[PDB]
Amino acid sequence: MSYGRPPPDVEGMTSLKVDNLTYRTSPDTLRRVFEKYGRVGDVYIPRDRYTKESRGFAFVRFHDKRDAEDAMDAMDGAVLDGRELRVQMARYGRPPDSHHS
RNA sequence: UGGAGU
């Protein structure tokens with residue numbers, strides 16, 4: 001079982017974004033950790049789709065404004081080693097293509 | 001480096 005192609009509603013929701021995954025974090029943790037604030041519409045990683053050498057972040061996505069600004073006002077900048085969280089609103093949309101030619 | 005999904 002996998003995401004495949006989860007259809008969001010980004011055209012009518014807050015579409016929050018989160019990043020700054022530590023050298024020991026994963027999207028499954030980023031989900032259980034940000035799900036407690038309310039809900040998450042997606043939690044996914046570009047992982048260069050075939051090289052995964054980046055993984056320095058995991059683009060999580062929210063829909064509730066009140067739960068998106070709260071998770072941001074309650075976890076971003078809560079760092080203690082040089083990088084723990086970075087969360088703010090998205091202003092950029094899904095890729096049409098970045099992995100083929 | 002703010003997303004490369006069948």
# chains A, B, ... in the order shown; residues from 1 in each chain; ligands from 1

call {"tool": "interface_residues", "arguments": {"of": "chain B", "to": "chain A", "cutoff": "6 Å", "atoms": "only C-alpha atoms (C1' of nucleotides)", "output": "ChimeraX atom specification"}}
result
/B:3-6

call {"tool": "write_last_selection", "arguments": {"atoms": "N, CA, C and O atoms (P, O5', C5', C4', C3', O3' and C1' of nucleotides)", "output": "PDB file, in the first residue's frame"}}
result
ATOM      1  P     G B   3      11.920  21.634  -3.185  1.00  0.00           P
ATOM      2  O5'   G B   3      11.080  20.265  -3.131  1.00  0.00           O
ATOM      3  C5'   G B   3       9.704  20.295  -2.820  1.00  0.00           C
ATOM      4  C4'   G B   3       9.054  18.967  -3.197  1.00  0.00           C
ATOM      5  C3'   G B   3       8.706  18.967  -4.675  1.00  0.00           C
ATOM      6  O3'   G B   3       9.821  18.595  -5.463  1.00  0.00           O
ATOM      7  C1'   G B   3       6.944  18.048  -3.335  1.00  0.00           C
ATOM      8  P     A B   4       9.756  18.623  -7.065  1.00  0.00           P
ATOM      9  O5'   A B   4       9.182  17.164  -7.459  1.00  0.00           O
ATOM     10  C5'   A B   4       9.274  16.712  -8.794  1.00  0.00           C
ATOM     11  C4'   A B   4       8.606  15.351  -9.063  1.00  0.00           C
ATOM     12  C3'   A B   4       8.190  14.556  -7.816  1.00  0.00           C
ATOM     13  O3'   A B   4       6.905  13.954  -7.966  1.00  0.00           O
ATOM     14  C1'   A B   4      10.287  13.818  -8.771  1.00  0.00           C
ATOM     15  P     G B   5       6.451  13.071  -9.240  1.00  0.00           P
ATOM     16  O5'   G B   5       5.606  11.883  -8.550  1.00  0.00           O
ATOM     17  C5'   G B   5       6.257  10.837  -7.858  1.00  0.00           C
ATOM     18  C4'   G B   5       5.295   9.780  -7.305  1.00  0.00           C
ATOM     19  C3'   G B   5       4.219   9.388  -8.318  1.00  0.00           C
ATOM     20  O3'   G B   5       3.725   8.094  -8.022  1.00  0.00           O
ATOM     21  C1'   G B   5       3.320  10.705  -6.535  1.00  0.00           C
ATOM     22  P     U B   6       4.573   6.764  -8.379  1.00  0.00           P
ATOM     23  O5'   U B   6       3.627   5.561  -7.861  1.00  0.00           O
ATOM     24  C5'   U B   6       2.508   5.108  -8.593  1.00  0.00           C
ATOM     25  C4'   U B   6       1.451   6.209  -8.737  1.00  0.00           C
ATOM     26  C3'   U B   6       0.083   5.591  -9.021  1.00  0.00           C
ATOM     27  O3'   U B   6      -0.959   6.436  -8.589  1.00  0.00           O
ATOM     28  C1'   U B   6       0.877   6.776 -10.897  1.00  0.00           C
TER      29        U B   6
END

call {"tool": "select_by_dssp", "arguments": {"residues": "stretch 9-85 of chain A", "states": "strand (DSSP E)", "output": "ChimeraX atom specification"}}
result
/A:16-19,42-44,59-61
